[PDB]
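Asker: sequence, then structure. It's an experimental one.
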Amino acid sequence: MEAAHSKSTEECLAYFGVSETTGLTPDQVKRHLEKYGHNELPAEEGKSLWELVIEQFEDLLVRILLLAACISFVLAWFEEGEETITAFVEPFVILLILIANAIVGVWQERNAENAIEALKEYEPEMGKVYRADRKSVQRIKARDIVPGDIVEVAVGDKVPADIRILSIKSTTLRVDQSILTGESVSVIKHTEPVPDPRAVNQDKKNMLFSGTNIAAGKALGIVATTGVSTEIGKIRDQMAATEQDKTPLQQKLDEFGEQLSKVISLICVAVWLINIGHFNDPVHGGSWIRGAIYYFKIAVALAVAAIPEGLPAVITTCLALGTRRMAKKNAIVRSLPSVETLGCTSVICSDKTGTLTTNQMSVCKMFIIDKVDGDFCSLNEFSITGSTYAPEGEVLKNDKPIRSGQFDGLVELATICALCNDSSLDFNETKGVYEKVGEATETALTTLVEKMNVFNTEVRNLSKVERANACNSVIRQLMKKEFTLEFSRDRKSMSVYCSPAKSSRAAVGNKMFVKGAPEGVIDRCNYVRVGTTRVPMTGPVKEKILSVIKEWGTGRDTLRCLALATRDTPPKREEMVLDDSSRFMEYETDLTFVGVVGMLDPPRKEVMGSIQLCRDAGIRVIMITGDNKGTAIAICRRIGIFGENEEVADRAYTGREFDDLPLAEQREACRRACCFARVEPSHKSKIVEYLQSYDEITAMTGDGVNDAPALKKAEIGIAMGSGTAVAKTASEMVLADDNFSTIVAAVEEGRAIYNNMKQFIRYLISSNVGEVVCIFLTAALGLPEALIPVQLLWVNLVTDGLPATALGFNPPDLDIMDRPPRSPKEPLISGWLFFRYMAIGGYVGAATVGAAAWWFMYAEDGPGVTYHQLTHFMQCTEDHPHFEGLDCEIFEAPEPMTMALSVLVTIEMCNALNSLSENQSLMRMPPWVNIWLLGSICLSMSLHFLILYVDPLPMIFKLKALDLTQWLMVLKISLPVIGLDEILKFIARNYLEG
Ligand SMILES: C/C=C(/C)C(=O)O[C@H]1C(C)=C2[C@H]([C@@H]1OC(=O)CCCCCCC)[C@@](C)(OC(C)=O)C[C@H](OC(=O)CCC)[C@@]1(O)[C@H]2OC(=O)[C@@]1(C)O
């Protein structure tokens, strides 16, 4: 049953043909259950199985590196050698890294909390119904309840489905719908029907929602919807139906993986293509397959040379280290990758109360009527000092303190504020400060009653523990509050019937002290109280009152005003039937205006600043409030979101307004909007959606299942520290202190971690730009094989893997926040940088192979080896350069290799330094600035010797401790990389592409 809330309990019972007394017949149940199904959210999947694994090994790069193993295992099996400790290395070092980055990948012991899971935690397990098969209140399984059957709920119960209350048995029923919105103040329910076919959950006063728990009372009603067909289930589906796109970085690392996987095999073609000589000469000898292994031993080398198997380790390190660094600033980042996107954040959507503000209501100003006459009436305005909840402050008129009670009206003023209040003030002993008890507003009202003290009641000689509510009580003693008509968004007001306590002498029968939003209440006043007398409400007057209410709510002192009025001659206790909600309005007419009070929820002392920061950062911030458009706009000028005098006719919309705008006009409004007031439920999702139709990285603030969809949807959802678990499990970041400022901080932080990430990323892969180049020369022109496949691994996980991580601590460049937000579609490497990293990548390919080519020929090893022909013959079947001797064993010995690798590890250390900036030389960017970089460079070479001296290592690496004479060449062969660098890096001046 869809709009059960708009039907009468009758129309509603009839819709299903059920007796409020008998129940659903066993048939109807099975029958109904076949039609609607089980009152349960659909189940999910995702646990320990073969899936996680196989998908783990589905990635390209992890495959190309697995294929190298599916070949190295056999390649390092046919290889001739008495060694059995260096053979099963390659097929293991890889097969190890593959399985290593598969555990820390299938690691779901931490990151495994889904938002839809908690959603099932809000739906109870059992519920009580009334079928026709048993006259007893059978407590069946919740899962078996069905639209149509009449259920029972009583205190403490968790509502099993969406029911349409039929009959309330208790005095009054109160449920805790916080689960949905968050304002943990339980609400009264009624049986009267909400006729508006499209009321919003908050206004469906005659309905219980599944997930909600009953605060007070006990009622019986007829279930309207179960399963996904419910407010909770509906929210579930929206989330189920939303799929977040992959983050920008993760999107590049894939683009790379693809363009790479192609270029890798693209070079395997050049090999079998450059072989134009091997097609003829090669005769008998069985080398058909014995010589073809050369085409395989180059793949499991060319491949591992272009795959930075150390990146998915560094980026995670730098990231995990940022998570903590941000946690220190109160920003808890759940999703890791997010630290990247949080930097491309272009729009911040924040709620006002308790994020942009403190949620510290306090009454500042208030007034009553002074004199009414000749259509020209005046007023008496006061101000109140004290922004705390502590009854510590004074009431002053004309900047000077006055005795609130010397003023007849200010009395009744204070009277209403106390008897028309469902709250109290409490001094917390332990802590040592008065705290609110309930609605933060009404408390501010209570605190006013104290500060005021219209009856002069002694309070100096009292205890902070019993003085907090002294004056209020005094007033509760002169009037007996019988019953009270709760607030409603229709009448925007809320009265409270009172009776004259026997212990009095001023009893004008009964009274009704009304208090609500100025407009409504004031419009229902036929009179105005001028002191003690009463006089007809006249236009001029109403004109004057509304006048001052308009100034306080839109002025420079953003105030929330409440009209205070009363009914002098209230309807007879008999003529009133409390159960009739919508009827309350009438019971509150023929009123008498008494006064107004304007309170303030101060914007947080640090927000005014951050809003500015977001300006310099080019980040657009959108405040979402509950204030009325008019005051929203003020608070906005106030906190900086708008100029002190900017045009905002079209930049701020109310929810109603935004609804009267057709799709085109709505979207077109989200790209300029900065303030939304009284926005409707869906709207958060709507807005997010629109902001995105502009490729905008949007941050959304919220809490409660209510806002789960939007948090999921938005690029960066932001739950509050005090928020629901679901709202937290749905967001990407949780604000430890629910403060706006900490969102901006975290944005900047996450904006630095990329600037540094972008470095070690274009560095750790810049070396791979060479390793392949090297391998191409070391395979194209001759086979002076300088870089072993099982040797490059250690050079990518430590040799350069250490300076990378060290690069994850580079000094944050100034003005970080004085530039517009990055572009999720900005490639790390391209343009002048493409050509830059091009040379530096080929040059390191002329350096590595050269340590073995430039060597033989000018070295102190080989008097007649210079200008050799390692290109012509390699198999060595005869002797031309050397007749009878033992020289055809140099093609496989630690001599030309142990020289290249060293140079490699030398040019990289200079390239790491070339990776501290992108324009400023090392002269302006002292390579000793990043203290943690040097601390790694040293631990880099400190391990280079360890695999060159300590025998157990230098052997398995095919290297040997180079003489300090021949090791002096590693300098003038590597060291000059910085020149080419510094050249291209100093040439970015004429090329104003940076
Ligand atoms: C891994 C190692 C190597 C050496 C490789 O071939 O990487 C290429 C490649 C895949 C790209 C290129 C490299 O291009 C070549 O080497 C082309 C052949 C040159 C022959 C010249 C003979 C005189 C990157 C490396 O290099 C330079 C130096 O410009 C930059 C960049 O990479 C990134 O931005 C990735 C970061 C996530 C990518 O253009 C990228 O392709 C993309 O889609 C990107 C966006 O990925």
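Answerer: Received the coordinates, thanks. Numbering: from 1, shown residues only.

Asker: what's the spacing between residue 176 and residue 252?
Answerer: From residue 176 over to residue 252 the distance is 47 Å, taken as Cβ to Cβ, to the nearest Å. Where C-beta positions appear, they are placed from N, C-alpha and C, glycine not excepted.

Asker: let me fix that: residue 239
Answerer: Note on residue 239: its distance to residue 252, by Cβ to Cβ, is 28 Å.

Asker: ok, these two, which is more surrounded?
Answerer: Taking other Cβ atoms under 10 Å, residue 239 and residue 252 do not tie; residue 239 has more neighbours (21 against 17).

Asker: where does that one sit: helix, strand or coil?
Answerer: Assigned with DSSP: H, G, I helix; E, B strand; the rest coil, residue 239 falls in the helix class.

Asker: if I read this right, it contacts residue 708, doesn't it?
Answerer: Yes. Under the criterion of Cβ atoms under 8 Å, residue 239 makes contact with residue 708 at 5.7 Å.

Asker: overlap in contacts, these two.
Answerer: 115, 119, 730 (Cβ atoms under 8 Å, 6 or more residues apart in numbering).

Asker: need these in TSV (columns: distance to residue 24, secondary structure and neighbour count).
Answerer: Formatted as TSV, these follow (distance: Cβ to Cβ, whole Å; DSSP: H, G, I helix; E, B strand; the rest coil; neighbours: other Cβ atoms under 10 Å):
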residue	distance to residue 24	secondary structure	neighbour count
115	34	helix	22
119	27	helix	23
730	36	helix	30
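
Asker: okay, these in a markdown table with distance to residue 417 next?
Answerer: Formatted as a markdown table, the shared contacts of residue 239 and residue 708 follow (distance: Cβ to Cβ, whole Å):
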| residue | distance to residue 417 |
| --- | --- |
| 115 | 42 |
| 119 | 41 |
| 730 | 39 |
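
Asker: residue 719: neighbouring residues, count only.
Answerer: The burial count for residue 719: 29, using other Cβ under 10 Å.

Asker: make sure it is indeed in a strand.
Answerer: Yes. Under three-state DSSP, residue 719 falls within a strand.

Asker: for the residue in the stretch 401-550 of the chain positioned nearest to the ligand, which non-adjacent residue is spatially closest?
Answerer: Nearest residue of the stretch 401-550 of the chain to the ligand, counting by Cβ to the nearest ligand atom: residue 440, 48.9 Å away. Spatial nearest neighbour of residue 440, chain neighbours left out: residue 361 (5.1 Å); criterion: Cβ to Cβ, 6 or more residues apart in numbering.

Asker: what sits against the one you found?
Answerer: Contact partners of residue 361, counting by Cβ under 8 Å, 6+ apart, are 440, 441, 443, 444, 560, 599, 600, 601.

Asker: just checking, what packs against whichever strand or helix holds the third one?
Answerer: Following DSSP states H and E, one finds residue 443 within helix 440-452. Packing contacts for helix 440-452, counted by 3 or more Cβ pairs under 8 Å, 6 or more residues apart in numbering; DSSP states H and E, involve strand 363-369, helix 408-419, strand 424-428, strand 433-437, helix 470-476, strand 591-599.

Asker: hang on, the earlier thing: same list (the shared contacts of residue 239 and residue 708) but as TSV, adding distance to the ligand.
Answerer: Formatted as TSV, those follow (distance: Cβ to the nearest ligand atom, whole Å):
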residue	distance to the ligand
115	29
119	36
730	29
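
Asker: any residue of the longest helix anywhere in the chain touching the ligand?
Answerer: For the chain, the longest helix by residue count, based on DSSP state H, is helix 248-274. Yes. For helix 248-274 and the ligand, the contact criterion (Cβ under 6 Å from any ligand atom) is met by 252, 253, 255, 256, 259, 260, 263.

Asker: of these, buried ones?
Answerer: 252, 253, 256, 260 (16 or more other Cβ atoms under 10 Å).

Asker: so who does the last one touch?
Answerer: Shown in contact with residue 260 (Cβ under 8 Å, 6+ apart): 60, 61, 306, 307.

Asker: from these, which is closest to the ligand?
Answerer: Nearest to the ligand, judged by Cβ to the nearest ligand atom, of the contacts of residue 260 is residue 306 at 3.4 Å.

Asker: number of nearby residues for that closest one?
Answerer: Residues near residue 306, counting by other Cβ under 10 Å, number 21.

Asker: secondary structure of it: a helix, I assume?
Answerer: No. Applying three-state DSSP, one finds residue 306 to be coil, outside a helix.

Asker: how much space between it and residue 345?
Answerer: The gap separating residue 306 from residue 345 is 33 Å, by Cβ to Cβ.

Asker: give me the phi and psi for residue 499.
Answerer: Per-residue torsions, residue 499: phi -120, psi 150 (degrees, to the nearest 10).

Asker: tell me who's in contact with the nearest residue to residue 364 once chain neighbours are set aside.
Answerer: Leaving aside its chain neighbours, residue 364 sits nearest to residue 600 (5.3 Å; criterion: Cβ to Cβ, 6+ apart). Contact analysis of residue 600 by Cβ under 8 Å, 6+ apart lists 361, 362, 364, 387, 557, 558, 559, 560.

Asker: any idea how far residue 600 lies from residue 440?
Answerer: Distance, residue 600 to residue 440, by Cβ to Cβ: 12 Å.
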